[PDB]
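These protein sequence lines map, in sequence, to chains G and Z.
Numbering-wise (full-length UniProt numbering), the first sequence opens with residue 42 and increments by one.
Numbering-wise (full-length UniProt numbering), the second sequence opens with residue 4 and increments by one.
Shown next, in structure tokens, is the structure this report addresses.
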Amino acid sequence: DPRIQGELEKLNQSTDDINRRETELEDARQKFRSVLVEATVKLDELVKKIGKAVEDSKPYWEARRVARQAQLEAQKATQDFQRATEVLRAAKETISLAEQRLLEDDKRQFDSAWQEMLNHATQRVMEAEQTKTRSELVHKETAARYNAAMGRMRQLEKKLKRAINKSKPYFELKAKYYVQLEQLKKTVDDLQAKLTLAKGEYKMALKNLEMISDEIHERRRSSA
Amino acid sequence: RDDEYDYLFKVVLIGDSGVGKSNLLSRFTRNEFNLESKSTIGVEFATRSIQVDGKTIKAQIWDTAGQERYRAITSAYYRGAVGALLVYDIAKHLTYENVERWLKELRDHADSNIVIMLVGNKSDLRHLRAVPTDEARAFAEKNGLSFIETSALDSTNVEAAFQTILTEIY
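Spelled out as structure tokens, the structure:
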């Protein structure tokens, strides 16, 4: 019974919360459409200007995004290899210090406590060399794709030298509108997510009232 | 997949009890509660979504809170309201005098920018009109409010007014 005031007032705020988000969604989406149509007409007028170099340079720029992609791969694999190499350095150091204590005290090889300090140490190096070699081949393979993508890009740069120069303002403007639409995509996708959580919070703040209503009806059936 | 909407306007049903506000929007609106909530919650909910200016508008109708209890929470009832419907009985002159008190109840708790429609419904099926349509329609326009006088049979004029009130908001 006293729970009602808390629900209605929040039902009230949720009502306004829905309208305030759908309006912003309606606005963000409208500004999104306004740009995509702007990006559409400004791209075509550059095609009608110099379209001979646009379609001929597309293999280049598509071979450049690959080089960049194959670069991050060779860059991550290098970091993952460098990280996997420091694993052995901390592992082989432990298995080396144990051998040092064996030379100091030769009777330490019968000590159960020292055998355990070797057992785990010699266990890590088994698993360390495994992750190392796996990261080592990936480091070299991802570097190979990079050098190959650098060849694909440079070779296409020779063939389409005059082409990419007359098409350079096209792809540059194409990316400028890309990031803009990308931002506008995020500001729409999240607002429609906030709108859903506004309607959902409103839909649940009604069902509880029906539960409260039905809870009292069951109490009005039995004794006080 | 028909519960989808864009906006959510909130209108309220106020006035004296027994005028038949609940039974007036029976065919139009859809009560979201299967059982009576006036006896428990005090307020009943019903809704009807229509299309205005290309967008689906789902108006939320909050029924009469009731005199007996839960008057303290009527402050939250009147808050956030977009519209309001005063329904008085044409046979009972008393209900035409109380709507003047429910109006001043909106000016104190409810929002200032609200659009109210004064409705004279013929619930009492056995009595003549104690309240003249001329003086009733005149009084409504003196307070900057709309007016409509309907009966239980012809539900044609009612639904047409509910489509108009929502359009004016947007």
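Ideal Cβ placement from N, Cα and C applies to all residues, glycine included.
Beta strand (DSSP E) containing residue i: first to last residue?
i: residue 263 of chain G; result: Here residue 263 of chain G belongs to no beta strand (DSSP E), and DSSP marks it neither H nor E.
i: residue 89 of chain Z; result: 86 to 92
i: residue 16 of chain Z; result: 13 to 17
Find the residues of chain G that neighbour residue i, judging by a C-beta separation of less than 8 Å, and give them in chain order.
i: residue 173 of chain Z; result: Within chain G, no residue comes near residue 173 of chain Z; the closest Cβ sits about 11 Å away, beyond 8 Å.
i: residue 54 of chain Z; result: Neighbours of residue 54 of chain Z on chain G: none; closest Cβ ~15 Å, over 8 Å.
i: residue 99 of chain Z; result: Per Cβ cutoff of 8 Å: no residues; residue 99 of chain Z is ~29 Å from chain G at best.
i: residue 83 of chain Z; result: 53, 54, 56 and 57
i: residue 63 of chain Z; result: 56
In this structure, what does DSSP give as the bridge partners for residue i?
i: residue 120 of chain Z; result: Z:88 and Z:149
i: residue 36 of chain Z; result: Answer is none; residue 36 of chain Z lacks a bridge partner.
i: residue 53 of chain Z; result: Z:60
i: residue 10 of chain Z; result: Z:60
i: residue 248 of chain G; result: Beta-bridge pairing links residue 248 of chain G to no other residue.
i: residue 125 of chain Z; result: Z:154
Name the two residues that bound the continuous alpha helix (DSSP H) containing residue i.
i: residue 159 of chain G; result: 153 to 160
i: residue 163 of chain Z; result: 159 to 172
i: residue 43 of chain Z; result: Run containing residue 43 of chain Z: none; DSSP gives neither H nor E here.
i: residue 150 of chain G; result: Unbroken run through residue 150 of chain G: none, as it is neither H nor E.
i: residue 60 of chain Z; result: Where residue 60 of chain Z is concerned, there is no enclosing alpha helix (DSSP H), although the beta strand (DSSP E) it sits in stretches over 58 to 65.
i: residue 62 of chain G; result: 45 to 88
i: residue 230 of chain G; result: 202 to 230
i: residue 122 of chain G; result: 95 to 132
i: residue 100 of chain Z; result: 96 to 109
i: residue 81 of chain Z; result: 77 to 81
i: residue 25 of chain Z; result: 24 to 27
Between which residues of its own chain and residue i is the CB-CB distance below 6 Å, once the five residues before and five after are set aside?
i: residue 208 of chain G; result: 94, 95 and 98
i: residue 233 of chain G; result: 66
i: residue 80 of chain G; result: 218
i: residue 104 of chain G; result: 193, 194 and 197
i: residue 148 of chain Z; result: 119 and 121
i: residue 235 of chain G; result: 62
i: residue 150 of chain Z; result: 121, 140 and 143
Below 7 Å on C-beta distance, what does residue i contact in chain G?
i: residue 44 of chain Z; result: 45, 250, 253 and 254
i: residue 13 of chain Z; result: 56
i: residue 76 of chain Z; result: 45, 46 and 49
i: residue 80 of chain Z; result: 49
Report all residues from its chain with a CB closer than 7 Å to the CB of residue i; omit the five preceding and five following residues, and keep chain order.
i: residue 166 of chain G; result: 129, 132, 133 and 136
i: residue 184 of chain G; result: 115
i: residue 55 of chain Z; result: 169, 170 and 173
i: residue 33 of chain Z; result: 49, 50 and 51
What does a CB cutoff of less than 8 Å around residue i pick up in its chain, not counting 5 residues either side in sequence?
i: residue 12 of chain Z; result: 60, 61, 62, 63, 85, 86, 169 and 172
i: residue 162 of chain Z; result: 31
i: residue 58 of chain Z; result: 9, 10 and 173
i: residue 70 of chain G; result: 229
Determine the chain Z residues that contact residue i at a beta-carbon separation under 9 Å, and present them in chain order.
i: residue 258 of chain G; result: 38, 39, 42 and 43
i: residue 238 of chain G; result: Neighbours of residue 238 of chain G on chain Z: none; closest Cβ ~14 Å, over 9 Å.
Since residue i meets chain G, which of its residues come closer than 9 Å, beta carbon to beta carbon?
i: residue 70 of chain Z; result: The premise fails here: residue 70 of chain Z is roughly 17 Å from chain G at the closest Cβ pair, so nothing lies under 9 Å.
Under 7 Å Cβ-Cβ, which residues of chain Z neighbour residue i?
i: residue 59 of chain G; result: 11
How would you list, in chain order, the residues of chain Z whose beta-carbon sits under 8 Å from the beta-carbon of residue i?
i: residue 63 of chain G; result: 9 and 10
i: residue 247 of chain G; result: 35 and 48
Does the Cβ of residue i lie closer than 7 Å to at least one heavy atom of the ligand NAD?
i: residue 35 of chain Z; result: Looking at this structure, you won't find the ligand NAD or any other ligand, since it has none at all.
Are the stretch 58 to 71 of chain Z and the stretch 37 to 45 of chain Z in contact at 8 Å, needing three or more beta carbon pairs?
yes
Across the stretch 53 to 64 of chain G and the stretch 168 to 183 of chain G, are there enough close Cβ pairs to call them in contact, namely three or more that are closer than 8 Å?
Taking a cut-off of 8 Å for Cβ pairs, the stretch 53 to 64 of chain G and the stretch 168 to 183 of chain G do not touch, as fewer than three such pairs fall below it.
Across the stretch 127 to 134 of chain Z and the stretch 87 to 95 of chain Z, are there enough close Cβ pairs to call them in contact, namely three or more that are closer than 8 Å?
Output reads yes: the stretch 87 to 95 of chain Z touches the stretch 127 to 134 of chain Z.
Is the stretch 139 to 152 of chain G close to the stretch 190 to 207 of chain G, with three or more CB pairs under 8 Å?
no
Per the contact definition of three or more C-beta pairs closer than 8 Å, is the stretch 238 to 249 of chain G in contact with the stretch 77 to 91 of chain G?
no
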